[PDB]
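Close look at the chain arrangement
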Amino acid sequence: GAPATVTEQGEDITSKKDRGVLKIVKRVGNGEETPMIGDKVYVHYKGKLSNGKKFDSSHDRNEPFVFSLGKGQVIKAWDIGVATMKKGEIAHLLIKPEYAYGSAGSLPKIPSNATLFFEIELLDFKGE
Ligand SMILES: COc1cc2cc(OC)c1OC/C=C/CCOC(=O)[C@@H]1CCCCN1C(=O)[C@H]2C1CCCCC1
């Protein structure tokens, strides 16, 4: 499956090189520029737990997901992961708990020590 592949071919994009956030580019975007911290960022995404019990998509709310990069509004994996993406790119991220909800989880949405998978499309990122 898509997350297996990420375990197998995915680039470790953490600083500590702990495999906490692995990435594969699925569709190549346009341009050299990636989002800077503080940029307003627009994405579509699909997300699930590796336990396979919960799924979630932006598409369902019929609205892009908008957040400010680096401003602590998403999990660290997103701040790290979306910083690496170009306008128009689609990527897969596999994420260990330390870059997600950790040992405490976010009960009951996210259980203790959960691993997460996302497919993310970077639509646009504007400067603050
Ligand atoms: C749409 O509602 C949610 C989705 C997720 C988690 C939620 O909170 C536990 C949540 O409710 C409100 C919180 C939003 C920001 C935190 O969320 C994140 O930082 C990440 C990245 C941004 C998109 C959503 N995402 C999530 O972690 C999802 C989660 C949903 C369960 C399956 C795995 C992904």
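Residues numbered from 1 in each chain as written, not as in the entry; some residues may be left out. Heavy atoms only, no water. Residues with missing side-chain atoms left out of burial classes, pairs and counts.

- Per the deposited record, X-ray crystallography is how this structure was determined, to a resolution of 2.300 Å.

1. Quick word on the overall build of the chain
- Each helix and strand counted, the chain has two helices and seven strands in total.
- Ordered by position in the sequence, the α and β elements of the chain form the string α-β-β-β-β-β-α-β-β.
- A compact globule built from 128 residues would reach a C-alpha radius of gyration of about 14 Å, and the chain, at 14 Å, matches this within 12%.
- Projecting the C-alpha coordinates of the chain onto the three principal axes gives extents of approximately 35 × 30 × 25 Å.
- The contacts in the chain between residues at least 6 apart in sequence include a share of 64% that link residues at least 24 apart. (Helix = DSSP H or I, 4+ residues; strand = E, 2+ residues; numbered from the N terminus. Rg over C-alpha atoms; globule rule 2.2 N^0.38 Å. Contact = heavy atoms within 4.5 Å.)

2. Considering the packing of aromatic side chains
- Ring geometry for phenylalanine 65 versus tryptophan 78: centroids 5.8 Å apart, planes at 75°, classification edge-to-face. Pair noted here: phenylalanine 65 is in strand 5 (residues 65-68) and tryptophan 78 is in helix 2 (residues 76-83), with a separation of 13 residues, a long-range link. (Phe/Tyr/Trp six-rings, centres within 6.5 Å; stacked < 30°, edge-to-face > 60°.)

3. Comments concerning the pattern of salt bridges
- Among the ionic pairs, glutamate 89 bridges to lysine 23, the shortest N-O distance being 2.8 Å. Separated by 66 residues along the polypeptide, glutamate 89 in the loop between helix 2 and strand 6 (90-95) and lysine 23 in strand 2 (residues 21-27) bring together distant segments of the chain. (Salt bridge = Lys/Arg side-chain N within 4 Å of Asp/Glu carboxyl O.)

4. Quick notes on the pairing of strand 7 (residues 116-126)
- The pairing of strand 3 (residues 40-49) with strand 7 spans 10 bridges and is classified as antiparallel. Counterpart to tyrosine 45 in the pairing with strand 7 is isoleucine 120. (Pairing = 2+ DSSP bridges.)

5. Side note on the side chain of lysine 23
- Here the side chain of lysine 23 touches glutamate 89 through a polar contact of 2.8 Å, side chain to side chain.
- Beyond its immediate stretch of four places on either side in the chain, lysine 23 contacts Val6, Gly10, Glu11, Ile13, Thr84, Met85, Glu89, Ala91, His92 and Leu93. (Polar contact = N/O pair within 3.5 Å; in protein donor to acceptor, adjacent residues only side chain to side chain.)

6. Digging into unusual backbone geometry
- For the bond from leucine 107 to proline 108, the omega torsion is 5°, close enough to zero to count as cis.
- With respect to the element layout, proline 108 can be found in the loop between strand 6 and strand 7.
- Positive phi outside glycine occurs at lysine 17, with the angle close to 50°.
- In the Ramachandran plot, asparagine 113 falls in the positive-phi region, its phi being about 55° despite a non-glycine side chain.
- In this structure, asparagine 113 sits in the loop between strand 6 and strand 7.

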